[PDB]
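What follows is a pair of forms of the same protein chain, given separately as C-alpha cells and numbered structure 1 and structure 2.
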Structure 1
C-alpha cells in the first residue's frame, strides 16, 4: 500500500525529470509566464498552505505544458491525478527553494540542470512524505 503508492511515485519522478529537460529546450514566452505567475502566487501564499496547493499544481502543469508533447502531458497529468487521490491528508520556504531552482534551470535553457532540479524536488518531497506517515 505504501509500496503501491511508492511505485507510482517512482514513475512520476522519472517523467517529471524528463519534462523539465524538454521544457528547458522548448519553453515559449507563454510557457515562461505560466511558470512565473504560478511561482509569484506560490511566493504570495507562503503563510496560507491550503491556497498554495492550487499554485503548486499550476506550476508543475506549466512545466508539463512547456514540453509541447501531448502524449507526455496526458501521462503526467494522469499519474499526478492518481497521486492526489491516493494521499488525501520550513515547508513553505524549503519547497519554494526547490520550486525556484527548477524555474531558473528552465529559464536558462539548461536541460541537465533542470532535470536534476526537478529530480531533487521529487526526492526531498518523497523523503518528507515517508517520515510524515511514520509519525
Structure 2
C-alpha cells in the first residue's frame, strides 16, 4: 500500500516484468488477431479517458498489459500474469500515483503504451519487445528504482 523504503521490492517486480512483457510483446507482434487488437485498443481508449478522470486507471493499465499477454495466444503467458496480478497492481498503482503529481507525465506514459500497440500492430517483434521494455525501464526510472 506504499513505496518509500519498498524500492528494492518494486525493483524486483519491474525487473521480472521486463523479461515477461518484452517476450509477450514480441510474441503478440507475430500472433495478434483482430480480436486481440480490439482488446488492446479498447484498453488504450479507456486509458485516454483517465488522463482527465483518473479513477480505475490502474485496472485499465493492467487490462492493457493483460491484453498483450492474451495476444500471444500462449496460455502460460496469460496464466503467469494472472498469477502475478497482485504484484502488477502494486507496481502499476505505485507508478501511476507517482506519475500524476507531474506535468502531463500521465500523457507521456500513455504514449509509451501506444508505442507497444503500434509495434504489435505492425507485426514487428523486435520493435515490440524494445517498446515494451522501454515502458518498464522508464517507469522504473520515474520511480528511481535503479535496476
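Residue numbers count along the first chain shown, from 1. What we label the rigid core is the largest C-alpha set whose atoms superpose within 1.5 Å from one form to the other.
A movement of the C-alpha atom of residue 67 falling short of 2 angstroms is seen between structure 1 and structure 2 when the two forms are aligned on their rigid core. The rigid-core alignment places the CA of residue 58 less than 2 Å apart between structure 1 and structure 2.
The two forms, fitted on the rigid core, differ between structure 1 and structure 2 by less than 2 Å at the CA of residue 46. Once the two forms are overlaid on the core, residue 123 shows a Cα shift of 0.2 Å between structure 1 and structure 2. With both forms fitted on their core, the C-alpha atom of residue 8 sits 3.6 Å from where it sits in the other form; this compares the forms between structure 1 and structure 2. Here the rigid core is superposed, and residue 80 then shows its C-alpha moved by 4.2 angstrom between structure 1 and structure 2.
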